[PDB]
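What follows is one structure encoded as C-alpha cells, with my remarks underneath.
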Amino acid sequence: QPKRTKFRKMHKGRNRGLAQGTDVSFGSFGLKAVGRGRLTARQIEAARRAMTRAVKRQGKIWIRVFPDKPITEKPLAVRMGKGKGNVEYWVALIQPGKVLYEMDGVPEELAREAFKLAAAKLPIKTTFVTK
Amino acid sequence: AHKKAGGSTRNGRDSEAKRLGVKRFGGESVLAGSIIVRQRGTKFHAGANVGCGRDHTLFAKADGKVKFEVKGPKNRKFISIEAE
Amino acid sequence: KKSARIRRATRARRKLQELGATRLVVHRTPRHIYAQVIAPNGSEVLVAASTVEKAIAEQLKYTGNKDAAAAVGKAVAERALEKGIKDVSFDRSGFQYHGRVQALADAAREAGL
RNA sequence: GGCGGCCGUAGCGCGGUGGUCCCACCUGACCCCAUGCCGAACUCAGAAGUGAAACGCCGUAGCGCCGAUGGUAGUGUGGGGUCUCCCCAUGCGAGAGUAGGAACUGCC
RNA sequence: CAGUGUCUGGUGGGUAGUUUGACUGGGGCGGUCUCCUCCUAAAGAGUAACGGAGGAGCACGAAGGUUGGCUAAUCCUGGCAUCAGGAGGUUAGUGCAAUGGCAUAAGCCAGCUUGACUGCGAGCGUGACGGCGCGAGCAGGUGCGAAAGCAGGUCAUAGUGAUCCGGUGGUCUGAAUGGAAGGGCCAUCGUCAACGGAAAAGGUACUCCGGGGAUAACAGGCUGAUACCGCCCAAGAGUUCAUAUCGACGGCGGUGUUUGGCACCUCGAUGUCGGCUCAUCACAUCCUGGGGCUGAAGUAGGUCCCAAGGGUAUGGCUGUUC
RNA sequence: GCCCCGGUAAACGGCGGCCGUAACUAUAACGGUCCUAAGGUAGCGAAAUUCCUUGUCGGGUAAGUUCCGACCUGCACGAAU
RNA sequence: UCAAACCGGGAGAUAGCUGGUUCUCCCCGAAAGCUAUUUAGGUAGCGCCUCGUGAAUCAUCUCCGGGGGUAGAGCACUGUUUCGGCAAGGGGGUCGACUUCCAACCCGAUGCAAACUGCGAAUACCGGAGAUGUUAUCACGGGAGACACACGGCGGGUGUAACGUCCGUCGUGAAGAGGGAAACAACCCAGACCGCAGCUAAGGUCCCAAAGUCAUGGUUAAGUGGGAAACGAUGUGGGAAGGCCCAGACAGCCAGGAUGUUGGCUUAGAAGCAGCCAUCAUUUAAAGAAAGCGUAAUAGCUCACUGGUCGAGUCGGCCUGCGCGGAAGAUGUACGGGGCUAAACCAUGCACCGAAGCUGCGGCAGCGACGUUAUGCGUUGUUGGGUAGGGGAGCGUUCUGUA
RNA sequence: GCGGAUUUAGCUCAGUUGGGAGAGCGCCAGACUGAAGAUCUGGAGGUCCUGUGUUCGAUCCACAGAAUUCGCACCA
RNA sequence: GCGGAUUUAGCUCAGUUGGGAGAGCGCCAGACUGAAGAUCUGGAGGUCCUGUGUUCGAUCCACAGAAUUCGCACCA
C-alpha cells in the first residue's frame, strides 16, 4: 500500500490526541513490537487509553508513532468516485523494530501491567523492553 | 486567467529529441545533437557536463554550437582531427 | 551555464577569446593612463607603457588629457610590434565614446597594429 | 604597495595586524563632458581628515565545492528452501563518521 | 371566366425511407470523438481506460528590437495610497494552459527604432511517407548597433483543416486576323470548433433470414461492501452492585439463506416466478426429552446446546410468490 | 399566395407554487401573493382516465390492495382527444 | 399465398453474412503495432513466413563514449499532523508581573506525502572502437500473413460493480516429446530417425512392479503421513537472565493474623474488601485500618507478615522447536493398494530398474565449408518433434507421337 | 461574401426647403381635487450612427467605416 | 447513489465589464383627511446558502460541503 496522506479532501478527526505525561525531561525507554503492521487511529486510542487508565500511579507515558496514512473505502456498485474517507481513518506505519509507547520510568515498572492490557488491543505481538 | 490546483508539470506528448553528430567523423558546422532549441557558445567539440565527463573529436570546421543546457552545454576550447 | 561574476560586470569578453588572439585593455586613472597587450589564460602582459613613462622621453604637460592617451598608444603599440604581435582587439571595460580610449586605439593603429 | 608563477580546496562569511610607499574614501566642481527630473550618474581637479569599505599579510572551516583513510543498512546478479517468505553466493555499499585545504610561491 | 398546353416561385402529411456514426463497468439516462502541456508510462523510447488535475482555438505593432538607468516580491521601522532606511538569489515578473531559464538579467522604467527582407541549398522527425516547422550556411541586400552580432513575430511546446468552385497578383492558350468572353503553374485570404472534415430530424410486441457470445433481463461460480450470526474489550443501564437479562464505541471472524452484483461457462437458446401434482437423497429446529448460563433464592420466565422419535391434517380477498 | 391583425379550442392544448383567516390536530372552504393569461363554480372525480394510494372517513365481513358512497390541491383524469 | 398474389421472364441479383472445400511422403515453421484506403475478421508502403536480386560490414550476448530519475531511499511540493523550548499577537482571571487557551515562525528529538528532495541504483537506451565473427550487420526491390491474444496466479491502476477495459511479472494454449508428481497445460528433470547394445536422467527402487526391505545421523509416535485460521495451553524438550537457599529460608503441615476502629465521608446499609480521601497509631516475634472469596449489611474463610516443624531444590522472568483448543451434516470410512517404526517423514548420500534421452554397431534430411561443370560423388561442422502456413518429390490415370 | 432597409432627446417616431431639431409617451413641477386619478399647462432631456469631403452654413448632399434587420450565398 | 436546475432585504425576483446590493409588496412613520381608505413621500429591513482558495478588491471566478427541486437508479 503506497504510503498516503492528503492534499486531497478533509476527512474525519483524530480519535487520539492526549499525549499524556510530562515532557520536561526526555527519556529513552519504550515498548518495541516485532513485525511491521498498519494500526488505525481508533485502535491506537484503545491501547493508549488502556495503559493511561492503568498508570494512574504516575505518568511520563508517551507515544512516538502516530497515524498519518489515510485509507479510503467504497460501498455499493462502482464506476464513478475513486474513494471516500469512511471508518478507515489515518493509519500508522510500524517497523519490525520500532518503539511505540515509552514511559520515562526507572526500574519500578507498574505500567508493565498497563502495556500488557494495551498489548492485547493492537493486532501485533509486542514485547516489553527495558532499554 | 490565473492558475490554480498545485502540481508539477502538466502532461504532454512523446519526447521529440535525438542525438545526431557523431563528432568522430565528418562534421559540418551545425547543431550537434537535438533535444532543446536555442543556444550558442561551443565552436568545436566541447562535450562537458556534470558527471563522469563528456567528449567528442576530429572535425575541422569553425563554429559548432550545441543544443542548450543538456549534453555538455559548456563551451570548451577548439579541437579538430589531428592534422587537417 | 550561469553568468560568472566577471560576465555580470561585462568587463570581460568571450567573443574575443573564441578567436585566440590578444587584447588591448585601456586602464584609466584621474592621474595617469595605462595600456596593455594581455593574452588569454590569466594576465599575461607581453608589452605595456604608462603615461608616466612618457616623461622619460620628453613630456612636460599633465598626463591625464587626450593628447597624452594618444602618446601612450603609440608607445605600447611600438613595443608590441617589436615583440612579434600584429593583430589585436580593443577592450575598454566600461567607458564613453570619443573618450581617451578611442584616442588610444587610434594611436595603436598608427604604429602598425 | 609594485611585479610574477601555479592558476575554480582561491564560492562565502569572519579576525588580527602593517606600510603616512601605495590605495580607495574624502574634498572641491572653475573647464572638457554629462544627467528626460537630479555632475548622484558622468567627467574633471585638489589632496584638510581616516583607514570606517581596498591592497599586503595572517587567524577560524561555518557553509559551498574538490580529494583521502575506514564500513552497517540499501542494492546489482545467479542458485535454495518456504503458506506468505526468506536465504545463500558475489560486485559494492545509505549515510554517518574520522580527517585534509581558508591559499600556495619568488623578487624589489 | 375559360377548356387547355408549357414553365417558374411559394405553400404544400395528403404520400413514402431510420438514412441520423462510436465509446460506454449489457443497453438506456448521465458522461466522451481535433489539439497542447505533470502524474499514470514500471529512470531512454513508446505505451491504454467516461483514468485523477487543467486548458487551446484566440489576442496583440506591441507584451517586437536596441540602448541607458534600474531590480523585484514579502517583511520590519516612521505615516495601509506615497516617500526615506534596512532585510531580502528572487517567493516577483516575464501575454496564454506547465515545466525549464533569467537580476548590475530575456525583469522593470525611459528613449530610440522597427530583420516578421530577397534568392538558393545542406541537415534534423527509430522505418520508407506530404504539407508544415525548426537548427544551421551561402549569394545579394533592408533595420538597429561602434562592431561582433541579433531576425525567418510575440522564451519554448496548443490558437488548425484538402479537392471542386469563386474572388485577388505576371504570362501561356483555341481553321486565318481584330475585338471580347473562356482554359493552367506558385502563393495569400474566406467555411467546415459532431473541428483528417455528408448540405438535412424521427416509431416500430406481425416479424423474417444469414451469423455471432465481440450484446443484457435468469440458474451456477468468485467476492462479500450489504445481509445473517459469533467472538474480543467493555462504557453504561441495572436502587447498591460492568460481567446475573440488555449492551454503545471500537477491533477481530464465520456462513453465504439476502442483496449489489468484476461477463472465462450456456443466449448454434439447461422458455420465466410461485403454486400444483409425483418419485428419490439430507439437517446449523418450536413443544416434549436430556443439558449449559442465569437479572437462576423458590415459583414463573429469558437465552443457548442437543434431539426428529412421532406429528406439521385446514380456510376468505388477490393469478400473484414472500 | 404569404408576412400583417382578427375570429375560431365539437385547432393540437395549458390549469404550478406560497401566505393569512380559521380548527384540539390534518384537510377541505374563502381572499390575496407569485408565476405563464386563468387556477376550475355544474356535475361528477384516485373513475377502465392520478403516481404517490392496499390515499383519508365508512359501509360490508371474523378479515377483503375487490366493490359501493363521500371528500378530493386534478403526479401525467375532465369536457363529442 | 398479402404489413401485398401466382407463373415465367431481364439472376448462376448484390452481401464487409454462414457453411463448404477429399491422394502419399520430405524440409522449415507465426502473429497479434504505425500512416493512408467507401478502410478497419480486406489490400499497398511497413512490425512478422518464404523465395529471387542487390549492397556491404557490423551487430549484439560483450565492452567502451552519452541521454532518462523510476523502484527504493531520503526526506520533500502541497495540503495534515506529535511533543518540548524560545520570541511576537489576541482574549479571560487578579497586579503594568504571571498563569491558561488559540494561530503563525525557527531549532532538536518525532517525523509526513497521488502531484518532492541534501543524496541516489538496477536498468533500458544514442554515437564510435574490440574477444567473436569476416562476409554476419547493413542498403534495395518483389510476393505474402497483418495492425480482433486470451486465461490462471501474484502486484496492481481506473473502476461506488458483471464469466473486463488496460499495464506489469511469471507461466503456460502456441511450436514439445519422454517422465514423475495418483490422474493434470504450465511444479521438478530433461528434449524424439531406424534396429540394436550399454550407461544415466524423470521418477521409482519391500511386494504386485522392473530396481538396495542400501549407508551415516536425527526427529516424530503423531500413522502424524497432510486444509486450516484470529485466539488458549506447567504436553514436553532446549537455552539465557533476577531474586531467595542448608549460621534451618523460599514453598508444604500446625497455630496466629490482633487493639482504638463499625477511620472519616458517603450511603436505605457498606463495620479491610460499592464509591469518595487518607492509610497513621497501638501490643509488640508477625498482623497492610488490610491483597482476594463471601454477606442485604455483619459473620465466616484465605493472603500479606512471624514462630515451630518440614530439610531441599524452589520461585519470578525472556526466547526458541513441535503438536494442540478455536472445527457438527449428508445411500460403506483409509496414503494408488498391500503395508510400513520406517516398506513414514525430515536432513544427506550411494547403487540400479526405469525415455524413442546419453554412449556404441548396421541403414537418413536441411544448412554451411572444402574440391567440383554438378544441387553427381568424397570429406568436414551442425545432425533430424510439430498445428495454421510456405516449399519440394511422387505414383494411380486417358488419348493421340517415335522406337 | 453579395444586395436592400434601418441607425434623432429614456422609449416609440415625424422631420429633403441646407440654413427652426420636433411630437407622443415617460420623468419633475404647477394648477385642480380634502387628496389621490385621469384630463390640462409648464420645464428638463440630442456627440439628430462615426470620420472626412462638398457649401457661406448640412440631421436633411458625396465618399468611407460600423451597428441593426431581411433576402441570398456558404455551412465535406 | 448518479446528473441537471435552484439556494439575494418578511414574500416573489432582477442583477457577469470583479470593484453601486436593487425592484414590487409588506412593516413603521410622515403627509393628507374630522378620521379612517387608497394614492404619494421617507426610513428601517440583506452572514446577496456555508467554508476555503484566487485577485489590489468577488454576490458576480475555482474547490468542497449543505438545502430545495426534477429525471434516473434501488425497493421478498
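Chains as they are written, first to last, in the authors' numbering: chain BK, 3 to 133; chain BU, 1 to 84; chain BM, 3 to 115. Positions of the beta carbon are idealized from the N, C-alpha and C atoms, including for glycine.
Assuming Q104(BM) is part of the alpha helix (DSSP H), what are its boundary residues? Per DSSP, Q104(BM) belongs to the alpha helix (DSSP H) from 102-113.
What residues in the region 36-48 of chain BU bring their beta carbon closer than 9 Å to a beta carbon of chain BM? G41, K43
Between which two residues does the beta strand (DSSP E) carrying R30(BM) extend? 28-30
Close Cβ partners of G37(BK) (< 6 Å) along its chain, the five nearest in sequence each way excluded: Hits under 6 Å: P98, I126.
Could you tell me whether the Cβ atoms of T7(BK) and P72(BK) are closer together than 8 Å? With respect to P72(BK), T7(BK) sits close: the two C-beta atoms are nearer than 8 Å.
Entirely enclosed beta strand (DSSP E) segments - the region 9-87 of chain BM, minimum 3 residues: 28-30, 35-41, 46-52
Under a CB-based cut-off of 8 Å, is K3(BM) close to chain BU? yes
Between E20(BM) and chain BU, is any beta-carbon pair separated by less than 8 Å? yes
Would you mind sorting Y99(BM) into buried or exposed? The rule is 16 or more other CB atoms within 10 Å of its CB. exposed
Comparing C-alpha positions only, which one of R15(BM), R25(BM), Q19(BM) sits nearest to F92(BM)? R25(BM)
Would DSSP call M105(BK) helix, strand or coil? strand
Output, in sequence order along the chain, the residues in the region 61-80 of chain BU whose CB is closer than 9 Å to any CB in chain BM. Correct list: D63, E69, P73, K74, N75, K77, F78.
Within the region 49-119 of chain BK, note down every full beta strand (DSSP E) run reaching 3 residues or more, in order along the chain. 63-65, 93-96, 99-101, 103-105
Whose CA, out of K76(BK), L119(BK), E104(BK), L78(BK), lies closest to the CA of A49(BK)? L119(BK)
Report buried or exposed for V57(BK), applying the criterion of at least 16 other Cβ atoms within 10 angstroms of its Cβ. buried
Helix or strand or just coil, what does DSSP make of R44(BK)? helix
Look at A37(BM) and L48(BM) and say whether their C-beta atoms are less than 8 Å apart. no
Paired residues, beta bridge with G39(BK) - DSSP: Under DSSP, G39(BK) takes part in a beta bridge, and its partners are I96(BK).
Please report the distance separating the alpha-carbon of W64(BK) from that of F9(BK). 28 Å
Going by the DSSP bridge assignment, what does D93(BM) pair with across the sheet? Answer is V27(BM), bridged to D93(BM).
Taking the alpha carbon of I8(BM) as the reference point, which residue from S95(BM), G75(BM), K76(BM), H29(BM) has its own alpha carbon closest? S95(BM)
Return the chain-ordered list of same chain residues with a C-beta closer than 7 Å to the C-beta of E80(BM), the five sequence neighbours on each side being excluded. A113
Whole-number beta carbon distance between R18(BK) and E47(BK), since they are thought to touch under 8 Å: 5 Å
Nonlocal neighbours in the same chain, by C-beta distance under 8 Å from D89(BM), ignoring five residues either side: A23, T24, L115
Just mark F130(BK) as buried or exposed, buried being the case when its beta carbon has 16 or more other beta carbons within 10 Å. Burial call: exposed.
Are the region 67-81 of chain BU and the region 35-53 of chain BU touching, with three or more C-beta to C-beta distances below 8 Å? yes
Alpha-carbon to alpha-carbon, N67(BM) and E28(BU): 51 Å
Straight-line CA distance for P4(BK) to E16(BU)? Cα to Cα, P4(BK) sits roughly 32 Å from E16(BU).
Pull the bridge partners of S15(BU) from the DSSP assignment, please. Bridge partners of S15(BU): none, in fact.
Per DSSP, the bridge partner or partners of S34(BU): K18(BU)
Which residue's Cα is closest to the Cα of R16(BM): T42(BU), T9(BU), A48(BU), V22(BU)? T42(BU)
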